[PDB]
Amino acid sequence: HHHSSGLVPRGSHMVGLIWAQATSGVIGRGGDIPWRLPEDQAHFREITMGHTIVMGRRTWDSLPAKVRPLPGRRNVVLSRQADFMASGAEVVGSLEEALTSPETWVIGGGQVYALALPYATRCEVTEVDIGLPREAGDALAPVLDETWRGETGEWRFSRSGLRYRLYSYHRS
């Protein structure tokens, strides 16, 4: 399949998704992420810093009030509620309104990844080797079809004592 370039022309609209999942596909439960890996936190910041980040309203809610908006990035929150407000950030009503920058990283959660996938050309995935089964109401990662080509890293070992690995996926 035809080659893509890592360089982002300023007149384009590159959309990437970045998430961390358990091997089962779980990304969230009860309004939180059920792990903290320093390597994943650092990786998330390395990829997203300097770009626009787009998140669903429930992901904004999951950020501690003292830390949001996440610094060094333009924070955009998706909501359908006309009275939802995000101090320090922009709330918009659609993905179309959110995707105005040349490079945008969609940072969660389950609903917004599913919504944004049709426009995305990159996914950066951390897989955590934690035995966490899927339960009703869990937020889940998108499943990538065969239009996506991927590179899977070898299993690595976190200082937190969990194995993890990184995937990078691309499509035209």
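Throughout, we count residues from 1 along the sequence that is shown. Just so we're on the same page, rigid core means the largest C-alpha set that superposes within 1.5 Å between forms.
Per-stretch RMS Cα distance to the displayed form in 9 other deposited structures of this protein, following rigid core alignment, is highest for 31-39 when 31-39 and 49-57 are compared. Here 14-22 and 151-159 are scored by the root mean square distance of their C-alpha atoms in 9 other deposited structures of this protein, with each structure fitted by the rigid core; the higher score goes to 151-159. Mean C-alpha B-factor is higher over 129-137 than over the other stretch, the pair under comparison being 129-137 and 40-48. When the two stretches 53-61 and 25-33 are set side by side, the higher mean Cα temperature factor goes to 25-33. The PDB entry assigns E146 a C-alpha temperature factor belonging to the highest third of its chain's modelled residues. For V67, the recorded CA temperature factor ranks within the highest third of the chain's modelled residues. Placement of the Cα temperature factor of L166 within the chain: lowest third of the modelled residues, per the deposited record. Residue-level temperature factors show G11 in the highest third of its chain, judged at the C-alpha atom.
Ranked against the other modelled residues of its chain, the C-alpha B-factor of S101 as given in the entry falls in the highest third.
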